[PDB]
Amino acid sequence: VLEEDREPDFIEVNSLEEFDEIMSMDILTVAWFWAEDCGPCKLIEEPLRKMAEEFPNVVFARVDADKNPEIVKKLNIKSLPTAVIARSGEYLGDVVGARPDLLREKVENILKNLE
């Protein structure tokens, strides 16, 4: 039975306030930075959608760098895509560029080793 109402691919961030609220939570969180005219960003959309399904204990949020350049500047993001890993307002690691495998490794390692 497949009644049709689909979960978002990511938490789609709409503001800097919302960003800061998400990243403040006591939940392992991945925020990744995307743009419509960034080829490598579009390249990793499906791997990151799958990764969010693979780790339901983790929040995956997407920032649209063209809509919310203030969040890009707040973290001094220089290359797209970038992913940042956070918990309770602290930054735990980043992956610069189109490297979903490295991101998955870093998330798996944090989950494996925490209390």
Side-chain angles (χ1 to χ4, degrees):
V1 185
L2 208 142
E3 305 272 328
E4 298 155 38
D5 210 289
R6 182 231 44 157
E7 80 176 9
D9 292 355
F10 308 106
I11 304 319
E12 303 290 350
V13 173
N14 289 320
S15 72
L16 178 57
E17 297 58 31
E18 186 190 7
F19 184 80
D20 284 338
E21 175 194 354
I22 291 161
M23 299 306 262
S24 79
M25 300 292 296
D26 194 27
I27 310 166
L28 188 59
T29 302
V30 171
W32 76 287
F33 291 79
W34 174 98
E36 199 352 270
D37 204 29
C38 171
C41 296
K42 293 179 278 187
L43 209 214
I44 68 169
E45 286 178 6
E46 283 304 310
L48 265 57
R49 184 206 108 257
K50 293 181 191 176
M51 202 185 300
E53 294 174 346
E54 167 174 8
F55 303 96
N57 42 334
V58 177
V59 167
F60 284 75
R62 182 171 50 189
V63 174
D64 178 342
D66 292 326
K67 291 183 174 174
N68 292 285
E70 64 287 2
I71 301 179
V72 172
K73 293 303 186 255
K74 187 182 166 176
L75 282 60
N76 198 30
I77 306 302
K78 245 69 180 110
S79 295
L80 303 180
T82 292
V84 298
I85 305 168
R87 181 176 194 145
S88 303
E90 299 293 343
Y91 290 81
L92 309 182
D94 74 13
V95 172
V96 178
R99 292 149 93 186
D101 282 351
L102 183 58
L103 180 58
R104 182 185 302 97
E105 166 189 293
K106 291 194 170 178
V107 172
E108 285 178 333
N109 284 344
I110 291 164
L111 286 171
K112 187 188 204 335
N113 300 149
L114 53 68
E115 302 201 348

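If you read the sequence from its start, that first residue is 1, and numbering goes on from there. Values below: all heavy atoms of this structure, side chains included; hydrogens, waters and symmetry mates excluded.
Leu28 is listed as a side-chain neighbour of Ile85, based on a closest heavy-atom distance under 4.5 Å. Looking at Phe19 and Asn68, their side chains never come closer than 4.5 Å, going by heavy atoms from C-beta outward. Considering only heavy atoms from C-beta on, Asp9 stays 4.5 Å or farther from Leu48 through its side chain.
Residues passing the side chain to side chain donor-acceptor pair (under 3.5 Å) test with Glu12 are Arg62, sequence neighbours excluded. Qualifying salt bridge (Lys or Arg N to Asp or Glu O under 4.0 Å) partners for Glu46, counting only residues two or more places apart in sequence or in other chains: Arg49. Scored by the salt bridge (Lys or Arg N to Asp or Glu O under 4.0 Å) test, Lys50 finds no partners at all (sequence neighbours excluded). The ring pair (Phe, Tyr, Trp, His ring centres under 6.0 Å) search around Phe10 returns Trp32, not counting sequence neighbours.
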Steps toward side-chain contact (heavy atoms from CB on, under 4.5 Å) verdict (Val84, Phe33):
CA-CA 9 Å; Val84 298; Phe33 291 79; 4.3 Å; yes
Please lay out, stage by stage, how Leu103 and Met51 fare under the test side-chain contact (heavy atoms from CB on, under 4.5 Å).
CA-CA 9 Å; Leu103 180 58; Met51 202 185 300; 4.0 Å; yes
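Hydrophobic clustering keeps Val96 apart from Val30 (ILVMFWY residues linked when any side-chain heavy atoms are closer than 4.5 Å, directly or through intermediates). The hydrophobic clustering, which links ILVMFWY residues whose side-chain heavy atoms are closer than 4.5 Å, places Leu80 and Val63 together. A single hydrophobic cluster is not seen to contain both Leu92 and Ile27; linkage of ILVMFWY side chains at heavy-atom distances under 4.5 Å, directly or through other members, places them apart. Grouping the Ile, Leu, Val, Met, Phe, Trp and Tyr side chains by contacts below 4.5 angstrom, directly or via other members, places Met25 with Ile71. Under the 4.5 Å side-chain contact rule for hydrophobic residues, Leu75 and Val72 share a cluster.
Side-chain atoms of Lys42 come within 3.5 Å of backbone N or O of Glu36 as a donor-acceptor pair.
Looking at every heavy atom in both residues, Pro47 comes nearest to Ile44 through CD-O, 3.3 Å.
For residues 72-115, no residue pair satisfies the ring pair (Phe, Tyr, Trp, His ring centres under 6.0 Å) rule, not counting sequence neighbours. Screening residues 82-115 for disulfide (SG to SG under 2.5 Å) gives no qualifying pairs among residues at least two apart or on separate chains. Judged as a disulfide (SG to SG under 2.5 Å), not a single pair has a partner in residues 73-115 (not counting sequence neighbours). The list of disulfide (SG to SG under 2.5 Å) pairs with a residue in residues 58-115, not counting sequence neighbours, is empty. Within the structure, side chain to side chain donor-acceptor pair (under 3.5 Å) pairs that include any residue of residues 79-89 comprise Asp26-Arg87, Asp26-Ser88 (at least two apart or interchain). Within the structure, salt bridge (charged side-chain N to carboxylate O under 4.0 Å, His left out) contacts touching residues 65-85 (residues at least two apart or in different chains) are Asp20-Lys74. Within the structure, the disulfide (SG to SG under 2.5 Å) test picks out the following pairs touching residues 22-62 (sequence neighbours left out): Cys38-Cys41.
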Mind listing the side-chain donor-acceptor pairs of residues 104-115 below 3.5 Å, one per line with the distance, residues two or more places apart or on another chain?
unit_1, atom_1, unit_2, atom_2, d
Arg104, NH1, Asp101, OD1, 2.9
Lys106, NZ, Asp94, O, 2.9
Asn109, ND2, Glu105, O, 3.4

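Residue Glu90 qualifies as open at atom CD: its count of foreign heavy atoms under 6.0 Å is 12 or below.
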